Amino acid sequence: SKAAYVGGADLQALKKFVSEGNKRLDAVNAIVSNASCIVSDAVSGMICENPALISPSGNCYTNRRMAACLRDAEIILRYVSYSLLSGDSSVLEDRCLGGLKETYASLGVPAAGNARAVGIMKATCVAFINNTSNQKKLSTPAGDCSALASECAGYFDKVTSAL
């Protein structure tokens, strides 16, 4: 539960422990600072493509179910963001994905809908990392983040595979 602060010498060290530390931190900043939209756009895209999901027999029907789906999509996004901070997917694969498919099966949370919500978040995050905007309309120094984008994509692919 305790918040950790990594700055100064500890942040300098973290940048020696992971590849492309500065770019990595920019990528994480983009995702976390836009998290509500990334999540809402993914869940609402899943729904707009399959409106049955908010019909009365749909798994997102009622605020409570919508809230649970938005929450889970945020949980997944956050474990991906943390994977990108860390340079690996171990915590994502254990804490987030471990037992998740079985949990969803016991609750009746639909695999097709999850695949689409996750797929949209993937596209969105990859696009934030491979942002081709002019420098004037770009918050970070312009350059090539394709390796990190592919890394991020790989983390989403692990979620897709598990679910």
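Note that residue numbering follows the sequence shown and begins at 1.
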| property | result |
| --- | --- |
| Which of 36-44 and 124-132 has higher mean CA B factor, as the PDB entry lists it | 124-132 |
| Selected stretch [higher average CA B-factor]: 21-29 or 147-155 | 147-155 |
| Residue, from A117, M66, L100, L138, that the PDB entry assigns the highest Cα B-factor | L100 |
| For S86, the third of its chain into which the C-alpha B factor falls | middle |
| Assigned third (lowest, middle, highest) for the C-alpha B factor of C96 | highest |
| Entry-reported Cα temperature factor of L70, expressed as the chain third it lands in | lowest |
